[PDB]
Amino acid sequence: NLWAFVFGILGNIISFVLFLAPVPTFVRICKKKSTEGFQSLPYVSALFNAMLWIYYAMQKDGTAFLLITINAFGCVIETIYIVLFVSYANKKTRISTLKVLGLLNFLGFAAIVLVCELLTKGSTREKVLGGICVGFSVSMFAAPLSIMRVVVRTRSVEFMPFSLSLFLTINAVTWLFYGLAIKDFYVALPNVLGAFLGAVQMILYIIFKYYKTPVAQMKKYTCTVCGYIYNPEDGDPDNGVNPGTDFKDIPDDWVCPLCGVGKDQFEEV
């Protein structure tokens, strides 16, 4: 049907973009000739997921062509990210990555093919594969949930840029509507989860972006006995007050580092 086509094209465009999201990261990694502190799990994952979904679609044949084309392109692009990463990786990390690549992507996937080609056909095949795709896709939500957890725990949104959230959300509702059009609730349900979590991400961003007060706008205070000036940007490290500390967040048993008088003797500049 026409609808499924519109949402297929849309889904492909948006998801294409999201597949090109790690590119600056890899421009970096190619610069430094090191994978730095980056992990290969998102990539090994994204590839395994893409493969599972291609496999799922080949069972649905005709309608689901559009959820192959994107996943197909996934397989390539992720395969690229994996190669580069393994090129510029630590020996230790190189081997970690290769091991997970052999377990999940080669063996795991092969076992899945083996179990599906010889234990199911037809509808039972659809249900098995679908169940597995839903399961894995859902499991991949651990990374964004982790990110959310960090954002709330840290009251910052540095690790969670707004546009990634937006694009993930739009991707989610697009493939949701897509699943609805081909009446496939294996494609649709985890996109419900995804759209929900994305919305919650945008909400968290709007809430926590300007939570902490910028060190710049923090107020200087002065000891009216010493003349001493407290710089929040400088803080008072030698006496257990890390730089960037606000004056009001300083423990009330703190004193003027020069004069030695109480905090009550201080007044804003």
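From 1 onward, residues are counted along the sequence shown.
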item	value
Of 200-208 and 26-34, the stretch whose C-alpha atoms average the higher B-factor in the entry	26-34
Higher-scoring stretch by recorded Cα B factor average, 117-125 or 149-157	117-125
C-alpha B-factor winner, where the candidates are 41, 47, 229, 241	241
Residue 83 - which third its CA temperature factor falls in, relative to the rest of the chain	lowest
Third assignment of residue 138 from its chain's C-alpha B-factors	middle
Record-listed C-alpha B factor of residue 257: chain third	lowest
Residue 175 by Cα B-factor - lowest, middle or highest third of the modelled chain	middle
Residue 109 by Cα B-factor - lowest, middle or highest third of the modelled chain	highest
